[PDB]
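Asks: Right, I'll just put the structure down here and ask away after.
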Amino acid sequence: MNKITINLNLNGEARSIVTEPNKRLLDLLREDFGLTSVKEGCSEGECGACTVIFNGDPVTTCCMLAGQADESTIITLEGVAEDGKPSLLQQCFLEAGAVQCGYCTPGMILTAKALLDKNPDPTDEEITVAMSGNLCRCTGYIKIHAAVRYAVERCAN
Amino acid sequence: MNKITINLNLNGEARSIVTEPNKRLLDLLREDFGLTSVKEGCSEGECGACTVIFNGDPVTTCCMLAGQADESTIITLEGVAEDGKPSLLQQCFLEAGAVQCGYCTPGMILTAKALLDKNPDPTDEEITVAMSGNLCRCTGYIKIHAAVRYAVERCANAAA
Amino acid sequence: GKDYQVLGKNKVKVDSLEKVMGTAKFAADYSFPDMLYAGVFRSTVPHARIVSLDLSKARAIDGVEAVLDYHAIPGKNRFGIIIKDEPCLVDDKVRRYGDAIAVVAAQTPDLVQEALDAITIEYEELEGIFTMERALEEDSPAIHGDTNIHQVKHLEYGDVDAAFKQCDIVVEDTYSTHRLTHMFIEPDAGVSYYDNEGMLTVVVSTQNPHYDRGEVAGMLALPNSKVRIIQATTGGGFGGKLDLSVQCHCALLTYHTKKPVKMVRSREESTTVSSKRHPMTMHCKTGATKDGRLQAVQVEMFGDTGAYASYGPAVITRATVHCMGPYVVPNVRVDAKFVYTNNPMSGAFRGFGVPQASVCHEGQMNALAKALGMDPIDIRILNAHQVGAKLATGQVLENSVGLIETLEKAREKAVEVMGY
Amino acid sequence: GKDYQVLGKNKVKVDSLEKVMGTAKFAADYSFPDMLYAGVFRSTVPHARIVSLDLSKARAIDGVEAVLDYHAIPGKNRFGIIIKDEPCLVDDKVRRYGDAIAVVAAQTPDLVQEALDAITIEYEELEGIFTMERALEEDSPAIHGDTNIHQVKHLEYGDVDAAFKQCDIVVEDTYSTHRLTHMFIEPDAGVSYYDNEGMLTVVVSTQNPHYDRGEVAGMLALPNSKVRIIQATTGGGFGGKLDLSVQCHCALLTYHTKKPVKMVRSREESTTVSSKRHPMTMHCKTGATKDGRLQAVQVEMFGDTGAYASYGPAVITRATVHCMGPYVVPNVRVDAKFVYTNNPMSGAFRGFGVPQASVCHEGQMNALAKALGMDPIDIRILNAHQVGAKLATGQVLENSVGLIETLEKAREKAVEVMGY
Ligand SMILES: Nc1ccn([C@@H]2O[C@H](COP(=O)(O)OP(=O)(O)OC[C@H]3Oc4nc5nc(N)nc(O)c5nc4C(S)=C3S)[C@@H](O)[C@H]2O)c(=O)n1
Ligand code: FES
Ligand code: FES
Ligand code: FES
Ligand code: FES
Ligand SMILES: [Ca+2]
Ligand SMILES: [Mg+2]
Ligand SMILES: [Mg+2]
Ligand SMILES: [Se]
Ligand SMILES: [Se]
C-alpha cells in the first residue's frame, strides 16, 4: 500500500496531505486535521453525528474513504464560526434551547446550514426532512427545529 | 542553509533526527525532543540549569550547537528514573530537603549523578567542586549537598 | 408569579457555547503524547469457567505494550454501584456475554485489535439461565452465591384480603415490560493518565465521577485523594453511565505502563456491555367501588436483573413503592422478586423501574374507568394524591402536590388541541 | 514541646516528586497547538513622549499575526499592586528605560524579533531624573502628577528632643544600601489562551494569581469569574514576581488573535523590566545611658522608588515601623520620604525595607556596644523586646516573643562553633 496525495478545501482554506488511504474520511478529519467536532456515534451512518458539509451537501463521513475527499470542499463545525464568533445559526441554537448533551449538535448545525445555504426560506417540513438524517436522544428534536425556524426568520431582515 | 542529520543516544535509546543546524542543543532537547526538564535560566552557561550528561560529563546545553550532539550519548533528568520510579539519588533529593522551587534541580541531580557514575564514593570537597556549575537562589546549597552525601552513604549501605 | 430575579428565565446554558462552536471535548476527543490505545477481550459464552487462557502470542506483537488479566490487579477485583458482584476482569467465572476477561494496550487501534484476535481461550460452559422461571428453580445453577434470588421485597399496607370484599368491582391482569438500552448518542469513552504532578487521572463520560473514583482507587489500593476523575463533557447517559465502563480498565493499564491509555467503545461493544432496563412482569389485581374510589391494590412482580446486580436493589425497591399509582389506596399488598440470569446486565434506565410499574397501575385504572363509564381523568382526579393523604408506607404528604392540576390543565389542553 | 502528630516533621514536600522527576512544568514548559510567540517593543530612553510610532512594517512581515499598542486595549490601561500608576502599554509617556510600548505575536520567536527590529519610533526626550536630590527639586519635571514625592511618613513616639539631652552616649551616622535584583533562576514566563470551554486563561510564573486576574479582567473589561489565572510551578520570586510581568501582554494578544500566546523572557529583559530593591539612605541618631539602655532613636530616611510605585508604599511604612530595631526605645521619631525617579522600578524584594533598616539599627547597636565596651549580644539582650514591651506605635507585645532566646542560643552556638 502506497500513501496517496489528497488535495481539498477544508474550512475555507486549501489544504493538502499525503497519507495512507486505508481510513475513513471521519478519521482523516478527526485525527489528521484535529477536527474533533466531527463525532462518531455509531460507525454505520445512522446517527449523523459525523455529518460534515461535503460540497454543499451534508454526508456521513463514517461512510467515506479518506481518498474520496480529494478535490472536494469540506466544512465542519469549526468552519462555521465567523472570525471566532457564533454565526447566526449557532446563536439561534444557543438561545432556542436546542442543546442538551450537545453530542449531536455539530451534525445538526451542519445539516441546517447546508439547507439554509441553498434554501434561505424553507418550510418547516423542508426543515424536518432536511435534518432527518441526524438522531438526538435528548431534545425530542422540538427545540432543535425551533432554532432553525428561528434562524430563518431572523434571516428575513 | 541545508539541514543536517544528528545521530545520538538519548536517555537510553538511539535517536535520529534531520533538522536545521542553527539551533542550540538546549533547543533541540527542549523543542524537538520535548525534554522540558532541561531548563533555560540564563542562556550564557552560568546557571547550569540546562545541564545534561554528555558522553559522561555535565555540560551546559545552552553553550552548544545542536549538531554537536552527533555521535553522543546524552542523559537528561527524564532518563534518570528507573522504570518510572525515583532513582536512589532522586529519592535522596526528595528526603534531604534539597528541593525548594525545583528549577535548578534537574541540573543539580544530573551533575551529582555524573559524579557518582565516575566516583561512587567522593569526598565532600569533591562533591562541592563537582556541582559548582549549578546556581541556586533558594537553598543556599546546604541541603542539595546533603542529598548527594546521603545518596553516597546509602549506596555504600547497600553492601548486603 | 412569585417574582424571581433569574429563576425560571430561559438563560443560555453555561456550557452551550462550546457545544455549538465545536470546541467542547467529549472523552473520545482527548489525545495525549505517547498515548496508547486500549481494547477489551470479552467472553463469547454466557456462563462458564475459563479452563485455558493464552496471552503469550498477543504480548509478542511488536507494538503491543501490555495484555492483562485479573492477576494484574494490585487491589480489589469486585465492584458495583450497590452490590460488589462485578469483577474488573473475570477471575471467578463468566456470568454473561461480553464479560471482561482481559485488556490490551497498544500504540495503535489496529494493533489493539490484532492483539485481541491473537488471544485464545477455552471454556467449560455451564447452564446459561435466560428465563426467570428456570432461574427460580431451586434446581438451577447459582450464578451468584448459592441462589439466583437477588432481591425480595414485601410491602403490606392495611388489609387487602378484607377490602377485596368491600369492592363492587375488581380487575385482574398480568403486565409485562421488555428490555431496552439507553442508546445515548455518544459511545462509552475514557482516557487515563498520570498528570505532570504524578496524579493518576481518568477523563471519562460518566454520571457519577466520585463513585468512579472510589472503585479505581480500590482497584489500585490508593487513597481516594490520590485518584482524580474528571467528568468530561458527556453525550447523554440516561442511566447507562452510572456503572463503571472503562475507568478501571484504562487506569489499570496506565498503572502498569505509566502511559496515557485511551479507550473508545464502538457502538456495538457499548450496547453489548452497558446495562439495560429491567424487563418486568407484574401480576395485579385492583379493587374499587361504584363511585370509583380505590379500596385495595395487590401486586406480585418479578424482575430479570441480569448477570449482575447493578441498580437492581434500587429498581425493585422503587418499583415496589410506586406500583400503586399516584392515587390514594387504603390497602396495599406488594410482592416483588428479582433474579440473576445470564441475560444482559440490568441496571438503571430513566425511571428506576417506575415506567414498568406505571404501565401496570395505569393499565388497571384505565381498565376501571372503562368498567364504570367514567372519564379516565375524573376517576383519577378522584383518587389523586393531595396534601394530607396517606401513602402505602404510612407517610403523609405534607407539601408540593399538584397532581390534580396536571390532570385538569392537561385534559384542558388536550381538548383545545385534540378534542378530548 | 507539644507532641504533634505530624507538625514539625521533615515530610517530603507534596510537590517535590515532579521536581526531581523532571515532569514538573514551569510556565515556559507549556506548549499548545497553534500557539503563537510574543515579544515586547520597549523604550530605549528613560523619560520621553512618543512623537511617532510605526508598526506597519512589522505588521507586513509574513508570519506576524499582531502588533499592538495601547489603542488595542478594550478596558483600562493603568495597573499596579498598590497604586495604579503603571500602564500596560505606554500611552501618555515613557517613564523608564524598558517601558513597554507595543507587543507582537508571531508564529516563531525569530519572527517576533524580526517584527520588533522592524518597528521604528521617535521620542521627544524629557529630562531623565536619576538622583533623589534632583527629584526633590520642585522645578524638576514631575514623572507622575505634580511632584516626584511619592510617599511620606512620620512616626512620633514619646519625645526625642527631651530624651537626647538625658543621654550619656549618642551615636550618629548616615547609612545607605544599594539596588539589587531578585535573580530567581527561572526567568519570567507565561502563556495565555481560551480553553476548550472558551475560558480566558493565563498560566504564569507568579506569586499572586488572584491579583493578576483582577488586572487582566480589568484590561479586557471582563468579570473576575471569567478570567482564569493558573500559577504554574514557579521557579522562585522573592518579591520580584508580585508585579505583573507577562500576564496582560499575553492575554491581550490572545484576546485579539484568539490563539494561545507564549511569552518567555530572556534573563536580560526579565532583569531590566522587573522590580528592584529600594536603595535607601538613612540618617540616624541613637541615644542611650551609660548602662547601655536605649533612650531615643531618630531616623530621617529617603528611598528611590524608581519609575513606578510598585511596593513603594509598603516599603516606606514597613521600614518606618521597624527602623528602631527589635528593641524597647521609649522615644522615637521617624521621617521618611520616598521619591519617583526614572531609575529602574523599585518594588518588593525579600524584607520590604527592613534589610535596609537593619543595616541602620544594628550598625547603631554595635557602635554603642563598642563605645560602652559591652558585648554586642548583651547590649541587645538588655534592650530586647519581651512580652509586655511598649512599641513605638503604641502597641504592647502580648505574646510570641523570643528575641532573647535567639540572642542567647546564637551566642552559645557561636562560642562553640566559631570561638565567640
Ligand atoms: N425544577 C426543575 C427541575 C428540572 N429542571 C431542568 O431539568 C434538568 C433535570 O433536573 P433533575 O430532575 O433534578 O434531574 P438531574 O439533574 O439529577 O438529572 C438526571 C436525570 O436527567 C434525565 N434527563 C437527561 N437529559 C439529558 N440531556 N441527558 C441525560 O443523560 C438524562 N438522563 C435522565 C436521567 S435517567 C436522570 S436520573 C435540570 O438540569 C434542569 O435544567 C429545571 O430547570 N427545574
Ligand atoms: S458515526 Fe457516522 S452516522 Fe454515526
Ligand atoms: S442533545 Fe444529546 S443527542 Fe442531541
Ligand atoms: S541556561 Fe545554560 S547555563 Fe543557564
Ligand atoms: S531550589 Fe530554587 S533555584 Fe534551586
Ligand atoms: Ca460511571
Ligand atoms: Mg504577579
Ligand atoms: Mg517603586
Ligand atoms: Se436511570
Ligand atoms: Se519581597
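Chain D is numbered as in Swiss-Prot; the shown residues are, in order, 2-421.
Method of determination (from the header): X-ray crystallography, 2.2 Å.
Just so you know, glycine gets a Cβ as well, placed from its N, Cα and C.
Copied straight from Swiss-Prot:
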- D:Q208, D:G238, D:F239, D:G240: Se-Mo-molybdopterin cytosine dinucleotide binding site (BINDING)
Asks: If I restrict to non-local contacts, at least six residues apart, and a C-beta distance under 8 angstroms, what lies near D:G238 (Se-Mo-molybdopterin cytosine dinucleotide binding site) in its own chain?
Replies: D:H183, D:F185, D:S206, D:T207, D:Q208
Asks: Once D:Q208, D:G238, D:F239, D:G240 are set aside, which residues in the chain still have Cβ within 8 Å of the Cβ centroid of the Se-Mo-molybdopterin cytosine dinucleotide site?
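Replies: Sorted by sequence, the hits are D:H183, D:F185, D:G237, D:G241, D:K242, D:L243, D:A349, D:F350, D:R351.
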Asks: Name the residues of the same chain, 6+ apart in sequence, whose Cβ is under 8 Å from the Cβ of D:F239 (Se-Mo-molybdopterin cytosine dinucleotide binding site)?
Replies: D:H183, D:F185, D:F350, D:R351
Asks: Let me check the 10 A CB neighbour count of D:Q208 (Se-Mo-molybdopterin cytosine dinucleotide binding site). How many other CB atoms are there?
Replies: 18
Asks: Cβ under 6 Å from an atom of ligand 10: which of these binding-site residues qualify? The list is D:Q208, D:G238, D:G240.
Replies: D:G240
Asks: Same-chain residues six or more away whose CB lies under 8 A from the CB of D:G240 (Se-Mo-molybdopterin cytosine dinucleotide binding site)?
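Replies: Non-local contacts for D:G240 (Se-Mo-molybdopterin cytosine dinucleotide binding site): D:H183, D:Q208, D:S276, D:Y312, D:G348, D:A349, D:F350, D:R351, D:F353.
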Asks: Select from the binding-site residues D:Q208, D:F239, D:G240: which have any Cβ-Cβ contact with chain B shorter than 8 Å?
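Replies: In terms of proximity to chain B, the binding-site residues that count are D:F239, given in sequence order.
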Asks: In Å, how large is the greatest distance between any two Cα atoms among D:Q208, D:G238, D:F239, D:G240, the listed binders of Se-Mo-molybdopterin cytosine dinucleotide?
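Replies: About 9 Å separates the two most distant Cα atoms.
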